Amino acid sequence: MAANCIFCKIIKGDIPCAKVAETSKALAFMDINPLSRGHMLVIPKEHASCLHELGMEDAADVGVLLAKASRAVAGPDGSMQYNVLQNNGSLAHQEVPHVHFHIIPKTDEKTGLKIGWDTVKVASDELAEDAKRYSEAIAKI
């Protein structure tokens, strides 16, 4: 559903939204449901539902816009802390089915992104297996 995709609606002009930046392949704007003041979004213009569906040229342009946006979010003296978050799948907390990078200011212990970081044990043999599968997958793109 690109038809029922609110970011496609913004991109084509069917819903208005103040544009923070625009490049050939990407757009930035403010999140109107922020976790903290200054929370923004960077999206590809292409309707990719997950990051792995995004084109390589689109990936270069989105990476560049993300870095530029982080400088905006870091503030005039660069002291503002922040989290970059991009979700892929509804189990992974993705709501709109279109790639979007959140850049979320962390002003406060009580506001912004709150993360649970509980690690698990993985074996050396399992790490090697995953490293092989991943590198071969990446090598053939």
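Counting begins at 1, following the sequence as shown.
Comparing the deposited coordinates for 74-82 and 41-49, the stretch with the larger average C-alpha B-factor is 41-49. According to the PDB record, 61-69 carries the higher mean C-alpha B-factor of the two stretches 61-69 and 83-91. Ranked by C-alpha B-factor against the other modelled residues of its chain, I104 falls in the lowest third.
Among all modelled residues in its chain, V120 ranks in the highest third by Cα B-factor.
In this PDB entry, the Cα temperature factor of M56 sits in the top third of its chain's modelled residues, the highest group.
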